[PDB]
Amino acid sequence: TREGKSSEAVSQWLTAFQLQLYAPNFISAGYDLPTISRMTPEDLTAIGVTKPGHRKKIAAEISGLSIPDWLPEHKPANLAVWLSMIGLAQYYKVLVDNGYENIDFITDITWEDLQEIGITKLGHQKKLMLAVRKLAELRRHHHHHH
């Protein structure tokens, strides 16, 4: 019921500004509030939010979301631990079987790479990619701390 608690929370959020009609769009794509807080308008369009007034309303509400930090702030010890912190433990096997078996390799993965190997849910793709860019920034700053 983590996924159940999460989806209830996505519905209650939408309901409070009367756009609960998109609940299935977000939930079927595996969006949770944390990932939703980082959506762009194109991400809304990709889940079927195409009417400009709805898309702009949602965009305005997302900018107002205040939710606690959830991205890890360090390069974790391994893939398993990293997936577990971000709530995506279920993709471990498919990631490993496809050649993304350690944190270093996962840092270079792209949206297109996910699509190819069967991680097709847009919300999960978004969350993975937000986490991956956090890793890439850590890696990019690592030798530049003086």
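Residue positions are given as counts along the sequence shown, with the first one as 1.
Selected stretch [higher average CA B-factor]: 28 to 36 or 74 to 82: Higher of the two, by average CA B-factor, is 74 to 82.
Stretch with the higher entry mean CA B-factor, where the candidates are 60 to 68 and 107 to 115: Mean C-alpha B-factor is greater for 60 to 68.
CA B-factor placement of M129, once the chain's modelled residues are sorted into thirds: CA B-factor rank for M129: lowest third.
Where the record places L138 (Cα B-factor, split into thirds across the chain): Its C-alpha B-factor belongs to the middle third of this chain's values.
B-factor third for the C-alpha atom of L95 within its chain: It falls in the middle third of the chain.
For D43, the third of its chain into which the C-alpha B factor falls: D43: CA B-factor falls in the lowest third of its chain.
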